[PDB]
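First to last, the protein sequences are chains B and A.
Here the entry's author numbering is used: position 321 in the first sequence is 362, and no number is missing along the way.
Here the entry's author numbering is used: position 218 in the second sequence is 259, and no number is missing along the way.
All C-beta atoms, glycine included, are put in the ideal place defined by N, C-alpha and C.
Below: the structure, in structure tokens.
Protein chains: 2
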Amino acid sequence: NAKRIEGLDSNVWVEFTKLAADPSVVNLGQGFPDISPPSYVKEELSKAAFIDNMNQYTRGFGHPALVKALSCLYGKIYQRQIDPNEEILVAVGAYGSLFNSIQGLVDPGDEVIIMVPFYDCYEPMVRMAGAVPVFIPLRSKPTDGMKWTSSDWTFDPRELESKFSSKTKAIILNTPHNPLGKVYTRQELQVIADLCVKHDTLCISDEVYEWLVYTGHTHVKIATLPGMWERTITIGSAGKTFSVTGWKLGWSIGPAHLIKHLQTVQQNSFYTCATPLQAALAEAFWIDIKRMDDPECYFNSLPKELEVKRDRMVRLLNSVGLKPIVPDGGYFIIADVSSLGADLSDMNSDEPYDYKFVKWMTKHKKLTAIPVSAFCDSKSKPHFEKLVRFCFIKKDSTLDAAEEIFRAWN
Amino acid sequence: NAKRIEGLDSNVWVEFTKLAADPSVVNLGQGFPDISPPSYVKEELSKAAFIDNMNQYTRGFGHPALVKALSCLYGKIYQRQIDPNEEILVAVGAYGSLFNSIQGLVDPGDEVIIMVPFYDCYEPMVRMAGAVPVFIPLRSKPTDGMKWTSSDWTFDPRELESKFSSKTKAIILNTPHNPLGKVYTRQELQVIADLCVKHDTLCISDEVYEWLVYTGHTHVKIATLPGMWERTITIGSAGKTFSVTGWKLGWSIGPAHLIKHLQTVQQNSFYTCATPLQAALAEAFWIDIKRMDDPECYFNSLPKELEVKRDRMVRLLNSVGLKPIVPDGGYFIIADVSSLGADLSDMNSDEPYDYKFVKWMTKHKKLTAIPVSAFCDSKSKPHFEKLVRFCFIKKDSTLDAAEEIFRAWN
Ligand SMILES: Cc1ncc(COP(=O)(O)O)c(CN)c1O
Ligand SMILES: Nc1ccccc1C(=O)C[C@H](N)C(=O)O
Ligand SMILES: Nc1ccccc1C(=O)C[C@H](N)C(=O)O
């Protein structure tokens, strides 16, 4: 094994080849949706399948229809003209966009700043490229007495200021957040922008959940803020946008002197992405782009159809004494697990408290979920190990199955 | 730009983008098939698309059905059991497979041996991993007298020997060869094998064209010689097997302890590959695994087809005075052009001869092709710059248009 991958062989999700295998259990664990995709999405794949060229190679950096379209949608969003060939790069999912960014822009010895809990791949990527990850936790604030929400989490500008030294290359930001479903505010985002201009650092912005915003909140992109355009890579995904997680396409949007670097990583790695997938995706995009103002547009329709599902979950968890944190965005929900009962000597491993709960709730309650501690640096886990993550981009069928379990908990 | 990607930004395939952007030219350059893929392969992708599940995440190291299919197929060819899960890794084409291997096994300062001409991604992949490529030319011997063939290109055993030192981490083998089209013999692979076991080094073997061997020749697989299972990673590709280059799926077969390192890379880069494509390929592989013994199996009829088309091409090139090397395998043909004294004098660049020739041939003759010096390191260009590579994975109609071009050449 090569030095650069030393001690990167434990992956957290490989490890969840633990009980989810069961049949008789409802799985609210992985971000694996079971709603049907928008039927036209499935259409276009078929249609793409039958055209010979759409089965042979395409522009290495993105199928020309697909990039033209990304161009169109996103420059509506940025209020700017976005070059399809120079400011976009299509990669194998958001994962492969994250990886093109880190490998392309970050050396041995740099520090990359990461907010905990983090989507878990941010750490090993940054460690694969020889950098030192630097951690800052999100912290609770007094709620409004009434309920618990993602907005009651936030970060201390003076702590953040202090992680920036002359060794910081980049800060990874992910909004809407996974796992808490925080939507960063214009003010929170402005602190991060201030610091990157001041230290001249990159921001890499994981926005795969961008359309998933609920009432009372707005996805805002840091790349839009004064002075960010030319120091930011913003990442999207087809998986999130069209409930087609199995296609594994996303895109980095950004200025040319940064994008060309990611293009270099790509041509030296995977080069080209699948054509039938990108042909079909472009079409799926155009269909929705021509109806943005309309409640049919998958952009407007899916968060509206997801908010109800979010609420069913808050209830199902209040109903059994799990304290839910209600998410501004994305399709996850964390619940505080700690003011429930039980027993957890059965185990007497001292792997974290939530892993123990999750196994207990799998065996005893026929329900799985993800321990929030998986997404936490070692240092940080004690402070999040009573938190457990649940996923709700599920079909009614499945949320009934779930509601039975809950109904029947006590 | 990160140091790991210093001067890895130029890429030949980029450079060649402006060549036949012209609608009225007949492109025999890119390895872009324009025959039809098998009907079944297109149908299965359609089928796939209308099933919900196979538009979501599947197993990271490969779709269970696909790897089951590959373990079956390749167990047949290696005459041994291949582990579905530990002995196979599915990745974005053979590029990504190559990239997994070098990323996972090759450290900075290590030497990797590469035979010239080489597939051009080899060099840059190995430099990015901080490794030093150590180059050695394929040299010609005399012709039988009637025919110039790939088989008249070989390497010098003692020259090769002297390339392995206590710093050789690996050798890269490409058979069938791109661009010569050479099918290595049991003897030639016996010499490379002898050396790897003497120096305790690895062998990465690019064998995507495994099925395209023509009469009189046989794909032999180095990984099957004594001593080499332990130490070889053998790659293979969906674009080449099913003429579906736009799918960009490949595999690397090899031992569990070498193989695990390739998955540490993948899980930390892009992770999954697309589901519907693997779903569909799985199924195509079943249709042809269960008929291996027939003329109608795609593994059989595709070479049978192209043997015809190749032979058509030896003839056209001989027509206009071009000296073809008739390939044992693959679907490229290399022709010598020096005996034309083309009227380049007055492109005045510092380009090698063959870039100038292809430029000239494009403007004047209306036909593109690829210079072989694109498959050569600096020191080797001059011993290869009179050669030019043409592709014949084309349909009749296309070969026709090429036929007119040659017939009006003088
Ligand atoms: C924050 C975040 N970033 C990136 C990804 C990458 O997913 P994909 O590569 O399949 O687009 C995910 C997985 N859901 C995610 O939740
Ligand atoms: N983590 C993975 C590893 C391999 C294959 C898929 C996934 C996922 O889908 C993660 C999911 N989006 C999650 O955050 O729960
Ligand atoms: N080289 C590429 C770069 C980008 C996109 C496709 C290709 C190819 O298809 C290569 C072709 N098979 C070749 O060897 O000529």
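By Cβ distance, which residues of its chain are closer than 6 Å to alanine 443(B), with the 5 residues on each side in sequence left out?
The sequence position of residue 443(B) within the first sequence is 402, counting from 1. For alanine 443(B), where only same-chain residues beyond five positions count, the Cβ hits under 6 Å are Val67.
At a threshold of 7 Å, does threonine 313(A) count as lining ligand 2 (C-beta to nearest heavy atom)?
The sequence position of residue 313(A) within the second sequence is 272, counting from 1. For ligand 2, at least one heavy atom lies less than 7 Å from the Cβ of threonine 313(A).
Can you give, in chain order, each stretch of the alpha helix (DSSP H) that sits fully within the segment 91–131 of chain A and has at least 4 residues?
The qualifying runs are 105–119.
Beta-carbon of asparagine 42(B) versus every beta-carbon of chain A: anything under 8 Å?
Working through the first sequence from its first residue, we reach residue 42(B) at position 1. With 8 Å as the cut-off, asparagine 42(B) counts as an interface residue toward chain A.
Just checking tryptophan 54(A) against ligand 3 - is the residue's beta carbon closer than 7 Å to any of the ligand's heavy atoms?
Residue numbering aside, residue 54(A) sits at position 13 when the second sequence is read from its first letter. Yes, the Cβ of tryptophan 54(A) comes within 7 Å of a heavy atom of ligand 3.
Could you spell out where the beta strand (DSSP E) holding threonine 282(A) opens and where it closes?
For this step, residue 282(A) is matched to residue 241 along the second sequence. From DSSP, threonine 282(A) is part of no beta strand (DSSP E) but of the alpha helix (DSSP H) over 279–283.
Keeping to the same chain, check which residues put their C-beta closer than 7 Å to that of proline 78(B); ignore five residues upstream and five downstream.
Along the first sequence, one-based indexing puts residue 78(B) at 37. Cβ neighbours of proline 78(B) beyond the five flanking positions: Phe283, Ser284 and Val285.
Restricting to Cα atoms, I'd like to know which of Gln307(A), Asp329(A) and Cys432(A) is closest to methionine 354(A).
What you label residue 354(A) is simply residue 313 of the second sequence in a count that begins at 1. For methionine 354(A), the nearest C-alpha among the options comes from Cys432(A).
What number of angstroms, rounded off, separates the C-alpha of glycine 137(B) from the C-alpha of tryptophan 189(A)?
Sequence index remark: in the first sequence, residue 137(B) carries index 96 (1-based). Sequence index remark: in the second sequence, residue 189(A) carries index 148 (1-based). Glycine 137(B) and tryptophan 189(A): Cα-Cα distance of roughly 44 Å.
Tell whether a beta-carbon distance below 8 Å holds between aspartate 151(A) and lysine 208(A).
As a position in the second sequence, residue 151(A) is number 110, starting the count at 1. As a position in the second sequence, residue 208(A) is number 167, starting the count at 1. Yes, the Cβ-Cβ distance between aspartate 151(A) and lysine 208(A) is below 8 Å.
Exposed or buried, what is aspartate 395(B) when buried is set at 16 or more other beta-carbons lying within 10 Å of its beta-carbon?
Locating residue 395(B) in the first sequence gives position 354, where the first residue counts as 1. Per the 10 Å Cβ criterion, buried.
Taking 8 Å as the CB-CB cut-off, is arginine 121(A) touching chain B?
Start at 1 with the first residue of the second sequence, and residue 121(A) comes out as number 80. No, its Cβ sits nowhere closer than 8 Å to a Cβ of chain B.
Just grab the DSSP bridge partners of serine 293(A) for me.
Walking along the second sequence from the start, residue 293(A) turns up at place 252. Paired residues: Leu130(A) and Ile276(A).
Checking contacts by CB at 8 Å: is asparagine 309(B) closer than that to chain A?
Here residue 309(B) refers to the residue found at position 268 when the first sequence is read from its first residue. Interface residue, yes.
Can we count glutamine 319(B) as close to ligand 2, meaning its CB is less than 7 Å from some heavy atom?
One-based indexing of the first sequence puts residue 319(B) at position 278. Outside the cutoff, so no.
Do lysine 400(A) and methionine 388(A) have their C-beta atoms closer together than 8 Å?
Taking the second sequence and counting its residues from 1, the one referred to as residue 400(A) is at position 359. Taking the second sequence and counting its residues from 1, the one referred to as residue 388(A) is at position 347. A contact, by the Cβ cut-off of 8 Å.
Identify, in the order they occur along the chain, each residue of the same chain with its Cβ nearer than 6 Å to the Cβ of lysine 435(B), setting aside the five sequence neighbours on each side.
Here the question's residue 435(B) lines up with position 394 in the first sequence. Excluding residues within five positions, the ones whose Cβ falls inside 6 Å are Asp75.
For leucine 69(A), would you say it is in contact with chain B, using Cβ-to-Cβ distances shorter than 8 Å as the test?
Locating residue 69(A) in the second sequence gives position 28, counting from the first residue. So no, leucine 69(A) is outside the interface.
Under 7 Å from any heavy atom of ligand 4, does the C-beta of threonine 275(B) make it?
Absence of ligand 4 from the depicted structure is noted, with ligand 1, ligand 2 and ligand 3 being the only ligands included.
Expressed to the nearest angstrom, what Euclidean distance is found between the alpha-carbon atoms of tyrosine 225(B) and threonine 216(B)?
The residue labelled residue 225(B) in the question sits at position 184 within the first sequence. The residue labelled residue 216(B) in the question sits at position 175 within the first sequence. So the two alpha carbons sit approximately 6 Å from each other.
Residues in the same chain with beta-carbon distance under 6 Å from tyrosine 119(A), minus the five sequence neighbours each way, listed in chain order, please.
Here residue 119(A) corresponds to residue number 78 of the second sequence, with the count starting at 1. Result list for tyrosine 119(A): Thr265, in chain order.
From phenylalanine 326(A) to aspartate 441(A), what distance separates their C-alpha atoms?
Sequence index remark: in the second sequence, residue 326(A) carries index 285 (1-based). Sequence index remark: in the second sequence, residue 441(A) carries index 400 (1-based). The straight-line gap from Cα to Cα measures roughly 32 Å.
For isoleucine 129(B), count the other beta carbons within 10 Å of its own beta carbon; 16 or more makes it buried, fewer makes it exposed. Which is it?
Start at 1 with the first residue of the first sequence, and residue 129(B) comes out as number 88. Label assigned to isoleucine 129(B): buried.
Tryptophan 54(A): which of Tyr160(A), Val131(A) and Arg356(A) sits nearest, CA to CA?
Residue 54(A) sits at position 13 when you count from the first residue of the second sequence. It is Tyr160(A) whose Cα lies nearest to the Cα of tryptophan 54(A).
Do you know how far the Cα of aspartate 384(B) is from the Cα of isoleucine 274(B)?
Counting from one through the first sequence, the residue named residue 274(B) turns up at place 233. Counting from one through the first sequence, the residue named residue 384(B) turns up at place 343. The alpha-carbon atoms of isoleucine 274(B) and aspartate 384(B) are separated by roughly 46 Å.
Can you tell me whether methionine 169(B) is buried or exposed? The criterion is at least 16 other CB atoms within 10 Å of its CB, across all chains shown.
As a first step, residue 169(B) must be located in the first sequence, where it is residue number 128. Answer is buried; the Cβ neighbour count reaches 16.
Can the beta-carbon of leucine 221(B) be found closer than 8 Å to that of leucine 347(B)?
Within the first sequence, residue 221(B) is the residue found at index 180, counting from 1. Within the first sequence, residue 347(B) is the residue found at index 306, counting from 1. For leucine 221(B) and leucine 347(B), no; Cβs fall outside 8 Å.
List, from N- to C-terminal side, the beta strand (DSSP E) runs of 3 residues or more that fit wholly inside the segment 206–235 of chain B.
Listed in chain order, the complete beta strand (DSSP E) runs (minimum 3 residues) inside the segment 206–235 of chain B are 209–215.
Would the segment 95–107 of chain A and the segment 304–315 of chain A be scored as touching if the rule is three or more Cβ pairs under 8 Å?
Yes, they touch.
Please list the terminal residues of the continuous alpha helix (DSSP H) segment that includes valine 55(B).
Indexing the first sequence from 1 puts residue 55(B) at position 14. Taken as a continuous stretch (DSSP letters only), the alpha helix (DSSP H) holding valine 55(B) covers 53–56.
Taking the C-alpha atoms as reference points, what is the distance between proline 165(B) and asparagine 309(A)?
The count along the first sequence starts at 1 and reaches residue 165(B) at position 124. The count along the second sequence starts at 1 and reaches residue 309(A) at position 268. Going by the C-alpha atoms only, they are around 7 Å apart.
Would you mind stating whether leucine 139(B) and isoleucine 300(B) have Cβ atoms separated by less than 8 Å?
As a working mapping, residue 139(B) is identified with position 98 in the first sequence. As a working mapping, residue 300(B) is identified with position 259 in the first sequence. In this structure, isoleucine 300(B) does not lie closer than 8 Å to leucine 139(B) by Cβ.
Below 8 Å on the Cβ atoms is my guess for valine 131(B) versus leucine 107(B); work out the distance and round it to an integer in Å.
Within the first sequence, residue 131(B) is the residue found at index 90, counting from 1. Within the first sequence, residue 107(B) is the residue found at index 66, counting from 1. 6 Å between Cβ atoms; contact.
Are the C-beta of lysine 59(B) and some C-beta of chain A separated by less than 8 Å?
Position 18 of the first sequence, counting from 1, holds the residue named residue 59(B). So no, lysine 59(B) is outside the interface.
Is any non-hydrogen atom of ligand 1 found closer than 7 Å to the C-beta of residue 457(B), if you look at the structure I gave you?
This structure cannot settle anything about residue 457(B), because the visible part of chain B is limited to 42 through 451.
Answer yes or no: does any C-beta atom of chain B fall closer than 8 Å to that of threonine 99(A)?
Within the second sequence, the letter at position 58 stands for residue 99(A). It does: the Cβ of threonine 99(A) has a partner Cβ on chain B nearer than 8 Å.
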